[PDB]
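Residue numbers for the sequence shown, in PDB author numbering: 7 to 27, 33 to 415. We treat Cβ as the ideally placed atom computed from N, Cα and C, and that holds for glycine.
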Amino acid sequence: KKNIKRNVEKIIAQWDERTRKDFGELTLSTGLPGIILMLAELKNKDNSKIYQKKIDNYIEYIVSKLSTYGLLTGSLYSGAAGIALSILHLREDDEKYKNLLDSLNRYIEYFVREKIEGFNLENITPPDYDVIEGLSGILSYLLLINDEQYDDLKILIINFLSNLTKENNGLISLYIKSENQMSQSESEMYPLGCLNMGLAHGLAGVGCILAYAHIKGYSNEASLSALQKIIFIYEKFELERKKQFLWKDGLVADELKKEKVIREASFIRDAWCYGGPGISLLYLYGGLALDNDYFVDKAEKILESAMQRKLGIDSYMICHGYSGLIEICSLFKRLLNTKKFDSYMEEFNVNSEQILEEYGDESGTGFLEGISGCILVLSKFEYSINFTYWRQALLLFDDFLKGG
Ligand SMILES: [Zn+2]
Numbered sequence: 007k008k009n010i011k012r013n014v015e016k017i018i019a020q021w022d023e024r025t026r027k033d034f035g036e037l038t039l040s041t042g043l044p045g046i047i048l049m050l051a052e053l054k055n056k057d058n059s060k061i062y063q064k065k066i067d068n069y070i071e072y073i074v075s076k077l078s079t080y081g082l083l084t085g086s087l088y089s090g091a092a093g094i095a096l097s098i099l100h101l102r103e104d105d106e107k108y109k110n111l112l113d114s115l116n117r118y119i120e121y122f123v124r125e126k127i128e129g130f131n132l133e134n135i136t137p138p139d140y141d142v143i144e145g146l147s148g149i150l151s152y153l154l155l156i157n158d159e160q161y162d163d164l165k166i167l168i169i170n171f172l173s174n175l176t177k178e179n180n181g182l183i184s185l186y187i188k189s190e191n192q193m194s195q196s197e198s199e200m201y202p203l204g205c206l207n208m209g210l211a212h213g214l215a216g217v218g219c220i221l222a223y224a225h226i227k228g229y230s231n232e233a234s235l236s237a238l239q240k241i242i243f244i245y246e247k248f249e250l251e252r253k254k255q256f257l258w259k260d261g262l263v264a265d266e267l268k269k270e271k272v273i274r275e276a277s278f279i280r281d282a283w284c285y286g287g288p289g290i291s292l293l294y295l296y297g298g299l300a301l302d303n304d305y306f307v308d309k310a311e312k313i314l315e316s317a318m319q320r321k322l323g324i325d326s327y328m329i330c331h332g333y334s335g336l337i338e339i340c341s342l343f344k345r346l347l348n349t350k351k352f353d354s355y356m357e358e359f360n361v362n363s364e365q366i367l368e369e370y371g372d373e374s375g376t377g378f379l380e381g382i383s384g385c386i387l388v389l390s391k392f393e394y395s396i397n398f399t400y401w402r403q404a405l406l407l408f409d410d411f412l413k414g415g
């Protein structure tokens, strides 16, 4: 397939122009860190010395912007952890990469410690704890660093997350008040608030990160109890019968008090960020971390249901499109050696040319929603050695069974 090369070239031209002349451009979500990851994964390819030059260009461009403006966030998708993830594989190549990563890490530790200190549980909102902007996503990156100086930070985050699974409002903690929803659509969708049940912004994501922390060597009775409780909550509120393997995006106070779903959702979708595909990671990781065969076997059934169904899928993007579903299947196959998703993976790769050509320009070039995320997926099918840690950003943990 010669069409990856053409597309990459145009992406490079877009970013060469942009750097020759805003906040978004330093983010994993939409900016240079996602671009650096896509190009870095193309190292086997013929133009890889040109690609490494661009990477270094974009890196120097990044430090220059950091030196002038600073960062306001340590977050995986908008802050220092996403920038650090994007260059982590270069750590031992040159002193300049290691120097940059050390700065990022110290800022991250400062950032997290400062966040936990000024935390007010009454104002708890998803970016506090979540994958995209919060501590779960930051921990995903942190757990790739083997330096024991970060042990204290890791444990501080782990304890802080676990404690959010405790009952508060009499009963509550992770519950989000209507006022503290991330946008007004959600404020109006949830006028009495909700417990967010998505991977990206909710309970599954905390669960995954706690399971991953345990296999990495970082857990205590309380974090394991947080993980168990999270899975128990998924098991309790799972939809039934014709809606087996489905979950609403959010659970409201009364439903939680009743311990059943009361009001049906208007819109559930099959996505990484919300719904079955992302939720299947919780069961997979929980099942492997807790040595529960039932959870692992359920994880497969949940994902398989979503692959069959593809509820709400209208694009090939990572976040809530088909490339994200595919990459999750590829992770299942890698860890379990399951053949269940082989046909979907094969069909996606057969359709690869049409996927890139019809890929919207409206989604931009970035990782999370843009074309470069799709290229990353397609590229690791063609050459499965990962030169980078890009998968960490999606909580796809290739090392989950490598131990600690
Ligand atoms: Zn999404």
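Given the structure, does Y285 come close to ligand 1, in the sense that its CB is under 8 Å from one of the ligand's heavy atoms? As a working note, residue 285 is residue 274 in the sequence shown. Yes - ligand 1 has a heavy atom lying nearer than 8 Å to the Cβ of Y285.
Got a sec, what are the start and stop residues for the alpha helix (DSSP H) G42 sits in? Position 31 of the sequence shown, counted from the first residue, corresponds to residue 42. Segment: none, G42 is in no alpha helix (DSSP H) and carries neither H nor E.
Where does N58 fall in DSSP's three states? Taking the sequence shown and counting its residues from 1, the one referred to as residue 58 is at position 47. Three-state result, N58: coil.
Buried or exposed: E380, going by 16 or more other Cβ atoms within 10 Å of its Cβ? As a first step, residue 380 must be located in the sequence shown, where it is residue number 369. Note on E380: 16 or more other CB atoms within 10 angstroms of its CB, so buried under the neighbour-count rule.
heavy atom of ligand 1 below 8 Å from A282 C-beta: The sequence position of residue 282 within the sequence shown is 271, counting from 1. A282: yes, Cβ under 8 Å from ligand 1.
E144 beta carbon less than 9 Å from that of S89: Here residue 89 corresponds to residue number 78 of the sequence shown, with the count starting at 1. Here residue 144 corresponds to residue number 133 of the sequence shown, with the count starting at 1. Yes.
So, for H212: in the same chain, excluding its five sequence neighbours on each side, which residues have a beta-carbon less than 6 Å away from its beta-carbon? Reading the sequence shown from its first residue, position 201 is the one you call residue 212. If we look at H212 and ignore the five residues flanking it on each side, its Cβ neighbours are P137, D141.
Under 8 Å by Cβ, that's how I've got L115 and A95 pegged, so tell me the actual separation to the nearest angstrom. The residue you call residue 115 lines up with position 104 of the sequence shown. The residue you call residue 95 lines up with position 84 of the sequence shown. About 4 Å separates the beta carbons of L115 and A95, which is inside the 8 Å limit, making them a contact pair.
Compute every distance between the C-beta of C330 and the non-hydrogen atoms of ligand 3, then say whether any falls below 8 Å. By its list of ligands, the structure shown excludes ligand 3, since it contains just ligand 1.
Where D139 falls, given that 16 or more other Cβ within 10 Å makes a residue buried: Taking the sequence shown and counting its residues from 1, the one referred to as residue 139 is at position 128. With 16 or more other CB atoms across the displayed protein chains lying within 10 angstroms of its CB, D139 is buried.
Report the three-state DSSP secondary structure of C284 (helix, strand or coil). Locating residue 284 in the sequence shown gives position 273, where the first residue counts as 1. If DSSP states are grouped into helix, strand and coil, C284 belongs with coil.
So the candidates are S184, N180, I156, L87; which of them puts its Cα closest to the Cα of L146? Here residue 146 refers to the residue found at position 135 of the sequence shown. Taking only the C-alpha atoms, the option nearest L146 is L87.
Report the partner residues of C340 according to the DSSP bridge assignment. In the sequence shown, residue 340 corresponds to position 329, counting from 1. DSSP lists no bridge partner for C340.
What's the C-alpha gap between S196 and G286? Start at 1 with the first residue of the sequence shown, and residue 196 comes out as number 185. Start at 1 with the first residue of the sequence shown, and residue 286 comes out as number 275. So the two alpha carbons sit approximately 18 Å from each other.
How about the segment 364 to 374 and the segment 37 to 50: do they share at least three Cβ pairs that are nearer than 8 Å? Verdict: no, contact absent.
Bounding residues of the alpha helix (DSSP H) (the contiguous stretch that carries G93): In the sequence shown, counting from the first residue as 1, residue 93 sits at position 82. That run of the alpha helix (DSSP H) goes 91 to 98.
In angstroms with no decimal places, state the Cα-to-Cα distance between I382 and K11. Position 371 of the sequence shown, counted from the start, is the residue given in the question as residue 382. Position 5 of the sequence shown, counted from the start, is the residue given in the question as residue 11. Roughly 13 Å separates the two Cα atoms.
Does the Cβ of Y121 have 16 or more other Cβ atoms within 10 Å, making it buried, or fewer, making it exposed? Reading the sequence shown from its first residue, position 110 is the one you call residue 121. Counting Cβ neighbours within 10 Å, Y121 comes out exposed, since fewer than 16 surround it.
How big is the Cα-Cα spacing for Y108 and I73? Within the sequence shown, numbered from 1, the residue matching residue 108 stands at position 97. Within the sequence shown, numbered from 1, the residue matching residue 73 stands at position 62. Each residue's alpha carbon lies about 12 Å from the other.
Determine which residues share a DSSP beta bridge with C205 and list them. Within the sequence shown, numbered from 1, the residue matching residue 205 stands at position 194. Answer is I187.
Range covered by the alpha helix (DSSP H) that runs through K11: Reading the sequence shown from its first residue, position 5 is the one you call residue 11. In this chain, the alpha helix (DSSP H) harbouring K11 covers 9 to 26.
What does the Cβ neighbour count give for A19, buried or exposed, with the cut at 16 atoms within 10 Å? Residue mapping note: residue 19 aligns to position 13 of the sequence shown, counting from 1. So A19 counts as exposed.
Which residues does DSSP pair with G261 in a beta bridge? On the sequence shown, position 250 is the one that residue 261 refers to. As a beta-bridge residue in DSSP terms, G261 pairs with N207.
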